[PDB]
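Trainee: One structure, as structure tokens, below. Some questions next.
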Amino acid sequence: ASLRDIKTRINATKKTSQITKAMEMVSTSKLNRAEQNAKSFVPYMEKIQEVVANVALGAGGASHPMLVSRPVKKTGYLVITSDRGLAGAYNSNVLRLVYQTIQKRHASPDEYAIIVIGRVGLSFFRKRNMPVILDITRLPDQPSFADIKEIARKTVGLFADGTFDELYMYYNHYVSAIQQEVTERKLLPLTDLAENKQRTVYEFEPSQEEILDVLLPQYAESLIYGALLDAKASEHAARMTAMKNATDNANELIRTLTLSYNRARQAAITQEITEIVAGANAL
Amino acid sequence: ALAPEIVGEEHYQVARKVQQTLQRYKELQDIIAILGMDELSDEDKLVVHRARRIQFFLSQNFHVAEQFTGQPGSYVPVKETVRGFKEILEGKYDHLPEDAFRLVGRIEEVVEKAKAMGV
Amino acid sequence: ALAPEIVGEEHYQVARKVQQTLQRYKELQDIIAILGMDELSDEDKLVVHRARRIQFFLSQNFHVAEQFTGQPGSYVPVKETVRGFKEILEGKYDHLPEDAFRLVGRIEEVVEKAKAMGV
Amino acid sequence: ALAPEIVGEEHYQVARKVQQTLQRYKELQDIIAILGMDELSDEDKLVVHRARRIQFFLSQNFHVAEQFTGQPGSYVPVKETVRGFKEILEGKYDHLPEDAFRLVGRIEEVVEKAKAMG
Amino acid sequence: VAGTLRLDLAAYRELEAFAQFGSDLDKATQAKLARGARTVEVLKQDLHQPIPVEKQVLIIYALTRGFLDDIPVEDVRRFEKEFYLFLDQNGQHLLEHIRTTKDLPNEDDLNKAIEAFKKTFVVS
Amino acid sequence: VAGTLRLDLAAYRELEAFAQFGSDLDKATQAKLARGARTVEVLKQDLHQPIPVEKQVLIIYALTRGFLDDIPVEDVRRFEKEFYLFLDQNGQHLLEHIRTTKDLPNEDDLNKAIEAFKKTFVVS
């Protein structure tokens, strides 16, 4: 290798290292914002869980709370993915789990459909032979409820319409900055709730059939929303960790290339001076 | 000879802007080759978009280059080339494919060569 | 001697395929060096998966090396070598761990030691 | 020379602990920049609290620096500085302000400066 | 003024490469980024046009005291060019004070003159 | 007892690199990390303190046969020191057997001696 090539490699690696360090800092800030949003979402989940637990021990004649609303048929799959790469195994783990599950238990294209958030999932399932019915690609870094409430409503209305009889959602769960766990949750039909201060909620008790027609879609929509905050936090943490690792690797490569460059420079000086002296004393 | 009093203020400014754009583009290649174009900002994406077209339009077809290109050569005046580079800097032809600028002469031949590709 | 009329057509094809996969892995090593295997496409990931196992299966335990590591050496016929490398290229043993391909002789010993370890 | 065989076990331990604390503080610099110091765990905040005081106590008023500062200079024995750094590490002066360590000699001068500051 | 100028330039040169991600406004580091960009725009100069030391001091004072923080970087050159004429028209007392005593004039008078020019400078 | 230690130390050194990057390591990897850390702890030594080969054999045997798996990492050097003292106190028969025969003594006797010392040893 020549000195020019080594110098160009060193400069390119230094630039890449700087860019990755900046990306890591930005990802740390975004992770903190996502964590505070997840903290803020808690009271709404608490109140809705309390209300649903208080009124889900009633006659339960609605379609949603049925243990088996309809028998085994087409099943809807909800997956949450990112819009950009550089997040490590964030997308790969979820897509692998989804693919393995749908291959092991379904074995037919007619009985499964995919609801996908994030363009990488679209690309994956389009490259495969996969039927996808609902799509959403763009989404803010700190997403809000109204951002994709319009797709959550359609997702719940598809189950209410009988298009598919089962709901599963797959997303990354945030445990720590280093640990992200792929999580599967049975979304619909509603199965179970909590156990404390029972009955407190049904004091007013307005008519049950009419109240459950509106209360339940709301609980499902809150479930999709809780899944997006966790997914965004996991994505930000994964990006931060990947950028930190890339920066460290780039720094080590810079060090090794600098060592090689210095050795080459010394060798070149030795060769030039040896040739000079040999030519000078050859007279 | 590249001085405002020797060649003209508009020519000097357009040449300096072209040089600045190309210098900015040269730095972006190192990070592009690793992290991809998707991680670039909206400003840098436009910088690359215009710089590639400028670099491609810097090409020309020579009269003596018939043996190597088949197509004949051309003669481009300084006013015409300054005008064309000013238009490209302003971004009039961002929608044109980058391949349409290869060995073309003027921008008129660029927009006519684009028709051959259906653009 | 690596010619189709000297070693055989299938021998030549297997050798060429192995060399091609190893060359592709050597090309990718620069990207894996900095940003790992996450950004590789599905094709490049499979190329790396096959190339690592091929590279490890190229290792062998020697009779002379028994003094250094207590393991006994092996002698592998060329027909068995060709069959094993063709099987690895075909993807028969993609599920085996890559550490089960080191310092073995025939392709059956890879399966034997993979069974000896967790599988 | 920083080896327990020739500098002393206590001296070696104190120096190693000081270097470790300063290395931890250096590591925490980027997170202290990006997020407020409160976000750090209580252990990290305690580490920073010790490290800033140690970093300020590493300074000294020189005899030849009187032409710049007006104040006299100090000559600190190695045993005195070892004892001072040990006491600082043991948390004896966590309640003192960090500016009392800025430019002094003995560890007692930090206490005197804090008393004068009030 | 040179001490502040040096720190501003250093805090721009390091912490550079955050500009692209600073486009997404974060941490209020954009203040340092804008100050560094304006400093870089101020340090530019043309051919065979030396600047008197008093005018250099005045423009560096204006930059370092934050009087350029609301002028966009595209207009810094025009600001300086017109500020020199405004100085030689209505700040002869300040110029003479600097030339004679080798020291800055009163900060109140400096702020008065700079604000008087700045209210007349049209931003475009 | 030496072959296991040699290959393990070479590999542990590269597996720890994966451990530093952060991953959900399995139970086998956790066991390998623990054994490698304990090997690194036992292989350290101080200045001008050579150790007889008979004592080296016993300490490496104790490391390799898992007798140090429940000892915390920070206590390994103290365990080795106290084990050498206990050996000088009680294992003269084993030490003399090794010196005379250049071979390991009864493995049951070694296990009994080590498990007897572990009772007198104090953790942390």
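Chains: A, B, ... in order of the structure tokens. Residues: from 1 per chain. Ligands: from 1, in order shown.
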Provide as a PDB file with C-alpha atoms, in the first residue's frame the residues of chain F at most 9 Å from chain A, counting only C-alpha atoms.

Mentor:
ATOM      1  CA  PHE F  21     -19.771  -5.089  23.133  1.00  0.00           C
ATOM      2  CA  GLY F  22     -22.876  -6.229  25.019  1.00  0.00           C
ATOM      3  CA  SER F  23     -25.053  -9.198  24.091  1.00  0.00           C
ATOM      4  CA  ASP F  24     -27.549 -11.656  25.571  1.00  0.00           C
TER       5      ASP F  24
END

Trainee: After fitting chain B to chain C over all Cα atoms matched in order, what RMSD is left?

Mentor: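 Fitting chain B to chain C over paired C-alpha atoms yields 0.6 Å.
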
Trainee: Per residue of chain A within 10 Å of chain D, note the shortest atom pair and the distance in Å to one decimal, counting only C-alpha atoms, and order the rows by chain and increasing residue number, as CSV.

Mentor:
residue,atom,partner,partner_atom,distance
A:25,CA,D:34,CA,7.5
A:26,CA,D:34,CA,9.2
A:28,CA,D:34,CA,8.3
A:29,CA,D:34,CA,7.4
A:32,CA,D:35,CA,9.0

Trainee: Assign secondary structure with DSSP using the backbone only, and return the residues of stretch 7-70 of chain F in helix (DSSP H, G or I) as a ChimeraX atom specification.

Mentor: /F:7-21,27-42,53-64

Trainee: Set the distance at 10 Å and use only C-alpha atoms: which residues neighbour residue A:53 once local chain neighbours fewer than 3 positions away are removed? I'd like the list as a list in words.

Mentor: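 With the cut-off at 10 Å, the set is residues 47, 48, 49, 50, 56, 57, 58, 192, 193, 194, 195, 196, 197, 198, 199, 200 and 201 of chain A.
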
Trainee: When the cut-off is 9 Å and we count only C-alpha atoms, which residues of chain A are near chain C, given as a PyMOL selection string?

Mentor: chain A and resi 85-89+92+242-243+245-250+253

Trainee: If you keep N, CA, C and O atoms, can you produce a file of those selected residues as a PDB file, in the first residue's frame?

Mentor:
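That gives us out_0.pdb:
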ATOM      1  N   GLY A  85     -32.192   2.115   8.448  1.00  0.00           N
ATOM      2  CA  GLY A  85     -31.297   1.106   8.975  1.00  0.00           C
ATOM      3  C   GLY A  85     -30.411   1.637  10.081  1.00  0.00           C
ATOM      4  O   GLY A  85     -30.819   2.523  10.838  1.00  0.00           O
ATOM      5  N   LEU A  86     -29.200   1.096  10.189  1.00  0.00           N
ATOM      6  CA  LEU A  86     -28.201   1.499  11.175  1.00  0.00           C
ATOM      7  C   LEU A  86     -28.676   1.302  12.609  1.00  0.00           C
ATOM      8  O   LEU A  86     -28.120   1.913  13.531  1.00  0.00           O
ATOM      9  N   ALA A  87     -29.687   0.465  12.824  1.00  0.00           N
ATOM     10  CA  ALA A  87     -30.205   0.175  14.153  1.00  0.00           C
ATOM     11  C   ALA A  87     -29.785  -1.198  14.664  1.00  0.00           C
ATOM     12  O   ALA A  87     -30.301  -1.645  15.693  1.00  0.00           O
ATOM     13  N   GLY A  88     -28.869  -1.875  13.977  1.00  0.00           N
ATOM     14  CA  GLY A  88     -28.463  -3.198  14.418  1.00  0.00           C
ATOM     15  C   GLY A  88     -29.495  -4.249  14.054  1.00  0.00           C
ATOM     16  O   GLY A  88     -30.133  -4.192  12.996  1.00  0.00           O
ATOM     17  N   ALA A  89     -29.666  -5.228  14.944  1.00  0.00           N
ATOM     18  CA  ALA A  89     -30.605  -6.318  14.710  1.00  0.00           C
ATOM     19  C   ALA A  89     -32.041  -5.953  15.061  1.00  0.00           C
ATOM     20  O   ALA A  89     -32.878  -6.858  15.170  1.00  0.00           O
ATOM     21  N   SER A  92     -34.220  -6.972  12.171  1.00  0.00           N
ATOM     22  CA  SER A  92     -33.964  -8.352  11.779  1.00  0.00           C
ATOM     23  C   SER A  92     -34.564  -9.342  12.766  1.00  0.00           C
ATOM     24  O   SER A  92     -35.150 -10.344  12.349  1.00  0.00           O
ATOM     25  N   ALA A 242     -25.400   0.914  18.367  1.00  0.00           N
ATOM     26  CA  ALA A 242     -24.737   0.593  17.108  1.00  0.00           C
ATOM     27  C   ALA A 242     -23.760   1.688  16.704  1.00  0.00           C
ATOM     28  O   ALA A 242     -22.648   1.400  16.243  1.00  0.00           O
ATOM     29  N   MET A 243     -24.150   2.954  16.875  1.00  0.00           N
ATOM     30  CA  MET A 243     -23.247   4.045  16.528  1.00  0.00           C
ATOM     31  C   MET A 243     -22.035   4.088  17.450  1.00  0.00           C
ATOM     32  O   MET A 243     -20.924   4.381  16.992  1.00  0.00           O
ATOM     33  N   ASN A 245     -20.616   1.460  18.862  1.00  0.00           N
ATOM     34  CA  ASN A 245     -19.751   0.370  18.419  1.00  0.00           C
ATOM     35  C   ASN A 245     -19.015   0.739  17.136  1.00  0.00           C
ATOM     36  O   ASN A 245     -17.814   0.466  16.988  1.00  0.00           O
ATOM     37  N   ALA A 246     -19.724   1.365  16.193  1.00  0.00           N
ATOM     38  CA  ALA A 246     -19.098   1.768  14.939  1.00  0.00           C
ATOM     39  C   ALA A 246     -17.996   2.791  15.174  1.00  0.00           C
ATOM     40  O   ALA A 246     -16.934   2.729  14.541  1.00  0.00           O
ATOM     41  N   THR A 247     -18.227   3.745  16.080  1.00  0.00           N
ATOM     42  CA  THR A 247     -17.207   4.742  16.384  1.00  0.00           C
ATOM     43  C   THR A 247     -15.965   4.093  16.982  1.00  0.00           C
ATOM     44  O   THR A 247     -14.832   4.440  16.621  1.00  0.00           O
ATOM     45  N   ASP A 248     -16.156   3.142  17.902  1.00  0.00           N
ATOM     46  CA  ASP A 248     -15.004   2.462  18.492  1.00  0.00           C
ATOM     47  C   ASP A 248     -14.215   1.689  17.438  1.00  0.00           C
ATOM     48  O   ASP A 248     -12.973   1.737  17.413  1.00  0.00           O
ATOM     49  N   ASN A 249     -14.921   0.978  16.553  1.00  0.00           N
ATOM     50  CA  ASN A 249     -14.245   0.232  15.497  1.00  0.00           C
ATOM     51  C   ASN A 249     -13.467   1.165  14.576  1.00  0.00           C
ATOM     52  O   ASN A 249     -12.330   0.867  14.183  1.00  0.00           O
ATOM     53  N   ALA A 250     -14.069   2.303  14.219  1.00  0.00           N
ATOM     54  CA  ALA A 250     -13.384   3.265  13.362  1.00  0.00           C
ATOM     55  C   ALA A 250     -12.136   3.823  14.030  1.00  0.00           C
ATOM     56  O   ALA A 250     -11.110   4.006  13.367  1.00  0.00           O
ATOM     57  N   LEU A 253      -9.417   1.178  13.813  1.00  0.00           N
ATOM     58  CA  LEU A 253      -8.902   1.109  12.449  1.00  0.00           C
ATOM     59  C   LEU A 253      -7.991   2.291  12.143  1.00  0.00           C
ATOM     60  O   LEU A 253      -6.961   2.130  11.475  1.00  0.00           O
TER      61      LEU A 253
END

Trainee: Please provide the set of residues having any atom within 10 Å of residue C:86, restricted to only C-alpha atoms, with same-chain residues fewer than 6 positions apart removed, written as an NGL selection string.

Mentor: :C and (10-11 or 13-15 or 17-18 or 80 or 92)

Trainee: Just N, CA, C and O atoms for this one: save the residues we selected as a PDB file, in the first residue's frame.

Mentor:
ATOM      1  N   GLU C  10     -16.364 -31.701 -12.320  1.00  0.00           N
ATOM      2  CA  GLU C  10     -16.986 -31.344 -11.050  1.00  0.00           C
ATOM      3  C   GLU C  10     -15.960 -30.834 -10.045  1.00  0.00           C
ATOM      4  O   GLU C  10     -16.252 -29.904  -9.284  1.00  0.00           O
ATOM      5  N   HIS C  11     -14.759 -31.418 -10.033  1.00  0.00           N
ATOM      6  CA  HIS C  11     -13.675 -30.887  -9.214  1.00  0.00           C
ATOM      7  C   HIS C  11     -13.399 -29.429  -9.560  1.00  0.00           C
ATOM      8  O   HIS C  11     -13.313 -28.567  -8.675  1.00  0.00           O
ATOM      9  N   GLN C  13     -15.352 -27.238 -11.095  1.00  0.00           N
ATOM     10  CA  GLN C  13     -16.479 -26.374 -10.757  1.00  0.00           C
ATOM     11  C   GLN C  13     -16.540 -26.091  -9.262  1.00  0.00           C
ATOM     12  O   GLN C  13     -16.782 -24.948  -8.852  1.00  0.00           O
ATOM     13  N   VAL C  14     -16.327 -27.113  -8.430  1.00  0.00           N
ATOM     14  CA  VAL C  14     -16.369 -26.913  -6.984  1.00  0.00           C
ATOM     15  C   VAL C  14     -15.254 -25.971  -6.548  1.00  0.00           C
ATOM     16  O   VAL C  14     -15.464 -25.064  -5.731  1.00  0.00           O
ATOM     17  N   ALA C  15     -14.048 -26.168  -7.091  1.00  0.00           N
ATOM     18  CA  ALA C  15     -12.938 -25.287  -6.740  1.00  0.00           C
ATOM     19  C   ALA C  15     -13.228 -23.845  -7.140  1.00  0.00           C
ATOM     20  O   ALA C  15     -12.974 -22.912  -6.365  1.00  0.00           O
ATOM     21  N   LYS C  17     -16.184 -22.391  -7.571  1.00  0.00           N
ATOM     22  CA  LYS C  17     -17.234 -21.836  -6.721  1.00  0.00           C
ATOM     23  C   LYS C  17     -16.692 -21.452  -5.349  1.00  0.00           C
ATOM     24  O   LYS C  17     -17.041 -20.392  -4.808  1.00  0.00           O
ATOM     25  N   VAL C  18     -15.839 -22.301  -4.772  1.00  0.00           N
ATOM     26  CA  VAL C  18     -15.245 -21.991  -3.474  1.00  0.00           C
ATOM     27  C   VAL C  18     -14.413 -20.719  -3.567  1.00  0.00           C
ATOM     28  O   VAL C  18     -14.498 -19.833  -2.703  1.00  0.00           O
ATOM     29  N   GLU C  80     -13.510 -37.531  -1.425  1.00  0.00           N
ATOM     30  CA  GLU C  80     -14.239 -37.121  -0.232  1.00  0.00           C
ATOM     31  C   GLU C  80     -14.167 -35.616  -0.024  1.00  0.00           C
ATOM     32  O   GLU C  80     -15.159 -35.002   0.387  1.00  0.00           O
ATOM     33  N   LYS C  92     -26.215 -27.834   2.601  1.00  0.00           N
ATOM     34  CA  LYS C  92     -26.718 -28.942   3.404  1.00  0.00           C
ATOM     35  C   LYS C  92     -26.501 -28.712   4.893  1.00  0.00           C
ATOM     36  O   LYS C  92     -27.337 -29.111   5.710  1.00  0.00           O
TER      37      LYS C  92
END

Trainee: Tell me, how big is the Cα RMSD between chain E and chain F, fit done by least squares on all Cα paired in order?

Mentor: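 Computed on C-alpha atoms only, the RMSD stands at 1.5 Å.
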
Trainee: Using 12 Å as the limit and counting only C-alpha atoms, can you tabulate each residue of chain D that touches chain F, with its shortest atom-to-atom distance in Å and the two atoms involved, as a tab-separated table?

Mentor:
residue	atom	partner	partner_atom	distance
D:3	CA	F:47	CA	11.1
D:4	CA	F:47	CA	10.9
D:5	CA	F:47	CA	9.4

Trainee: Those residues you just picked out, can you put them in a file as an mmCIF file, in the first residue's frame with N, CA, C and O atoms?

Mentor:
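Final output, selection06.cif:
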data_model
loop_
_atom_site.group_PDB
_atom_site.id
_atom_site.type_symbol
_atom_site.label_atom_id
_atom_site.label_comp_id
_atom_site.auth_asym_id
_atom_site.auth_seq_id
_atom_site.Cartn_x
_atom_site.Cartn_y
_atom_site.Cartn_z
ATOM 1 N N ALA D 3 5.578 2.694 42.101
ATOM 2 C CA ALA D 3 5.460 1.278 42.397
ATOM 3 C C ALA D 3 5.539 1.091 43.906
ATOM 4 O O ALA D 3 6.348 1.756 44.568
ATOM 5 N N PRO D 4 4.738 0.183 44.471
ATOM 6 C CA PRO D 4 4.702 0.055 45.937
ATOM 7 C C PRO D 4 6.029 -0.354 46.547
ATOM 8 O O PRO D 4 6.237 -0.144 47.749
ATOM 9 N N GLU D 5 6.935 -0.936 45.759
ATOM 10 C CA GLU D 5 8.220 -1.361 46.300
ATOM 11 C C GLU D 5 9.064 -0.180 46.763
ATOM 12 O O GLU D 5 9.821 -0.305 47.732
#

Trainee: Identify every residue of chain F that has at least one atom within 12 Å of any atom of chain C, counting only C-alpha atoms, and report the result as a ChimeraX atom specification.

Mentor: /F:2-4,6-7,21,28

Trainee: Taking 3 positions as the minimum chain separation for residues in the same chain, which residues sit within 10 Å of stretch 79-85 of chain D when counting only C-alpha atoms? Answer as a PyMOL selection string.

Mentor: chain D and resi 10-15+17-18+53-54+57-58+76+88-90+92+105-108+110

Trainee: Limited to N, CA, C and O atoms, could you put the picked residues into a file as a compact mmCIF listing (two decimals), in the first residue's frame?

Mentor:
# COMPACT_ATOMS: atom_id res chain seq x y z
N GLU D 10 0.75 2.85 50.89
CA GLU D 10 -0.30 3.85 51.04
C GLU D 10 -0.25 4.88 49.91
O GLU D 10 -1.29 5.25 49.35
N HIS D 11 0.95 5.35 49.58
CA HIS D 11 1.11 6.30 48.49
C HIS D 11 0.61 5.71 47.18
O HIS D 11 -0.12 6.36 46.42
N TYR D 12 0.99 4.46 46.90
CA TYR D 12 0.58 3.81 45.66
C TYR D 12 -0.94 3.67 45.60
O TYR D 12 -1.56 3.95 44.57
N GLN D 13 -1.55 3.23 46.71
CA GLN D 13 -3.00 3.05 46.73
C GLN D 13 -3.73 4.38 46.53
O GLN D 13 -4.70 4.45 45.76
N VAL D 14 -3.27 5.43 47.21
CA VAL D 14 -3.92 6.73 47.08
C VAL D 14 -3.80 7.25 45.65
O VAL D 14 -4.78 7.75 45.07
N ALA D 15 -2.61 7.13 45.06
CA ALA D 15 -2.42 7.60 43.69
C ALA D 15 -3.30 6.82 42.71
O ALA D 15 -3.92 7.42 41.82
N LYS D 17 -6.13 5.25 43.34
CA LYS D 17 -7.53 5.62 43.54
C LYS D 17 -7.84 6.98 42.92
O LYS D 17 -8.89 7.17 42.31
N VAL D 18 -6.92 7.94 43.08
CA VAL D 18 -7.12 9.26 42.48
C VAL D 18 -7.21 9.15 40.97
O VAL D 18 -8.09 9.74 40.33
N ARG D 53 -13.28 18.23 43.26
CA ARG D 53 -12.46 18.69 44.37
C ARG D 53 -11.03 18.19 44.24
O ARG D 53 -10.08 18.94 44.52
N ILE D 54 -10.84 16.94 43.82
CA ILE D 54 -9.49 16.42 43.63
C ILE D 54 -8.76 17.19 42.53
O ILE D 54 -7.59 17.57 42.67
N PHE D 57 -7.73 20.47 43.88
CA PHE D 57 -6.67 20.34 44.87
C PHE D 57 -5.33 19.97 44.24
O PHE D 57 -4.29 20.16 44.87
N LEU D 58 -5.34 19.44 43.01
CA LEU D 58 -4.08 19.17 42.33
C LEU D 58 -3.31 20.45 42.01
O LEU D 58 -2.10 20.38 41.75
N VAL D 76 4.90 21.72 49.61
CA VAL D 76 4.07 20.67 50.20
C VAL D 76 4.88 19.38 50.26
O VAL D 76 5.32 18.88 49.21
N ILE D 88 -9.38 13.71 51.44
CA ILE D 88 -10.34 14.15 50.43
C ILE D 88 -11.11 12.95 49.88
O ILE D 88 -12.33 13.00 49.70
N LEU D 89 -10.40 11.86 49.60
CA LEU D 89 -11.05 10.66 49.07
C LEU D 89 -12.02 10.06 50.08
O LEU D 89 -13.07 9.52 49.71
N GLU D 90 -11.68 10.14 51.37
CA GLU D 90 -12.55 9.58 52.40
C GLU D 90 -13.80 10.42 52.66
O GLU D 90 -14.56 10.09 53.58
N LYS D 92 -14.02 13.56 53.78
CA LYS D 92 -13.94 14.46 54.93
C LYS D 92 -14.38 15.88 54.60
O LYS D 92 -14.83 16.59 55.50
N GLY D 105 -1.83 25.15 49.60
CA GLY D 105 -0.74 24.25 49.90
C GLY D 105 -1.21 23.03 50.67
O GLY D 105 -1.70 22.07 50.07
N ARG D 106 -1.06 23.06 51.99
CA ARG D 106 -1.55 21.99 52.84
C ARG D 106 -3.07 21.84 52.71
O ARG D 106 -3.76 22.72 52.20
N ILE D 107 -3.57 20.71 53.19
CA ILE D 107 -5.02 20.49 53.21
C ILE D 107 -5.69 21.44 54.19
O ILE D 107 -6.86 21.81 54.01
N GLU D 108 -4.97 21.85 55.24
CA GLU D 108 -5.54 22.79 56.21
C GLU D 108 -5.86 24.13 55.57
O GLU D 108 -6.78 24.82 56.02
N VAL D 110 -7.22 24.61 52.73
CA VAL D 110 -8.57 24.53 52.19
C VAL D 110 -9.59 24.88 53.27
O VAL D 110 -10.54 25.63 53.03

Trainee: Pick out the residues sitting within 12 Å of residue A:93, and hand them over as a list in words; count only C-alpha atoms, and ignore anything fewer than 3 positions along from it in its own chain.

Mentor: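 Those residues are residues 79, 80, 81, 87, 88, 89, 90, 96, 97, 98, 99, 100, 121, 170, 171, 172, 173, 180, 181, 182 and 183 of chain A; 38 of chain C.
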
Trainee: Which residues come within 10 Å of residue C:48, counting only C-alpha atoms, excluding same-chain residues fewer than 2 positions away, as a PyMOL selection string?

Mentor: chain C and resi 21-22+24-26+28-29+32+37+40+43-46+50-54

Trainee: Write out, as an mmCIF file, in the first residue's frame, the residues just selected, with N, CA and C atoms.

Mentor:
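Just written: result-v9.cif:
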data_model
loop_
_atom_site.group_PDB
_atom_site.id
_atom_site.type_symbol
_atom_site.label_atom_id
_atom_site.label_comp_id
_atom_site.auth_asym_id
_atom_site.auth_seq_id
_atom_site.Cartn_x
_atom_site.Cartn_y
_atom_site.Cartn_z
ATOM 1 N N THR C 21 -16.743 -17.621 -3.749
ATOM 2 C CA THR C 21 -17.320 -17.242 -2.460
ATOM 3 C C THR C 21 -16.268 -16.621 -1.546
ATOM 4 N N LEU C 22 -15.053 -17.174 -1.545
ATOM 5 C CA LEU C 22 -13.996 -16.610 -0.712
ATOM 6 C C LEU C 22 -13.623 -15.202 -1.163
ATOM 7 N N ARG C 24 -15.662 -13.060 -2.618
ATOM 8 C CA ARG C 24 -16.741 -12.174 -2.188
ATOM 9 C C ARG C 24 -16.636 -11.856 -0.699
ATOM 10 N N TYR C 25 -16.305 -12.858 0.120
ATOM 11 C CA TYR C 25 -16.112 -12.608 1.546
ATOM 12 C C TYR C 25 -14.957 -11.641 1.787
ATOM 13 N N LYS C 26 -13.863 -11.800 1.039
ATOM 14 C CA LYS C 26 -12.736 -10.884 1.176
ATOM 15 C C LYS C 26 -13.144 -9.460 0.826
ATOM 16 N N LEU C 28 -16.203 -8.211 1.171
ATOM 17 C CA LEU C 28 -17.110 -7.713 2.206
ATOM 18 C C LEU C 28 -16.402 -7.419 3.527
ATOM 19 N N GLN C 29 -15.240 -8.034 3.759
ATOM 20 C CA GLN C 29 -14.566 -7.887 5.044
ATOM 21 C C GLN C 29 -14.340 -6.430 5.429
ATOM 22 N N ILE C 32 -17.754 -5.318 6.987
ATOM 23 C CA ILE C 32 -17.925 -5.968 8.293
ATOM 24 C C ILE C 32 -16.927 -5.426 9.313
ATOM 25 N N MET C 37 -22.184 -6.963 10.441
ATOM 26 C CA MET C 37 -22.961 -7.732 9.479
ATOM 27 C C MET C 37 -24.416 -7.293 9.385
ATOM 28 N N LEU C 40 -25.560 -5.679 5.834
ATOM 29 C CA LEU C 40 -25.420 -6.489 4.633
ATOM 30 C C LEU C 40 -26.784 -6.953 4.140
ATOM 31 N N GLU C 43 -28.343 -11.472 0.444
ATOM 32 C CA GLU C 43 -27.388 -12.241 -0.345
ATOM 33 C C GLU C 43 -26.010 -12.242 0.306
ATOM 34 N N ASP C 44 -25.533 -11.067 0.725
ATOM 35 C CA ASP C 44 -24.202 -10.972 1.315
ATOM 36 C C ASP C 44 -24.130 -11.714 2.644
ATOM 37 N N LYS C 45 -25.217 -11.698 3.415
ATOM 38 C CA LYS C 45 -25.241 -12.450 4.666
ATOM 39 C C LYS C 45 -25.094 -13.944 4.409
ATOM 40 N N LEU C 46 -25.778 -14.460 3.386
ATOM 41 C CA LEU C 46 -25.634 -15.871 3.040
ATOM 42 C C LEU C 46 -24.233 -16.171 2.521
ATOM 43 N N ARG C 50 -21.811 -18.955 4.270
ATOM 44 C CA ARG C 50 -21.185 -20.081 3.585
ATOM 45 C C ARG C 50 -19.663 -19.977 3.623
ATOM 46 N N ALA C 51 -19.134 -18.760 3.475
ATOM 47 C CA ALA C 51 -17.692 -18.576 3.366
ATOM 48 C C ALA C 51 -16.985 -18.907 4.670
ATOM 49 N N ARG C 52 -17.577 -18.535 5.807
ATOM 50 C CA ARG C 52 -16.949 -18.861 7.084
ATOM 51 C C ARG C 52 -16.844 -20.369 7.277
ATOM 52 N N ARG C 53 -17.911 -21.099 6.947
ATOM 53 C CA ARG C 53 -17.886 -22.549 7.092
ATOM 54 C C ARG C 53 -16.905 -23.190 6.119
ATOM 55 N N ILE C 54 -16.825 -22.676 4.889
ATOM 56 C CA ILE C 54 -15.852 -23.201 3.931
ATOM 57 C C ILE C 54 -14.433 -22.975 4.439
#

Trainee: Have a look at atom CA of residue F:27 and atom CA of residue F:39 and let me know their distance in Å, one decimal.

Mentor: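 Distance reported for this atom pair: 18.2 Å.
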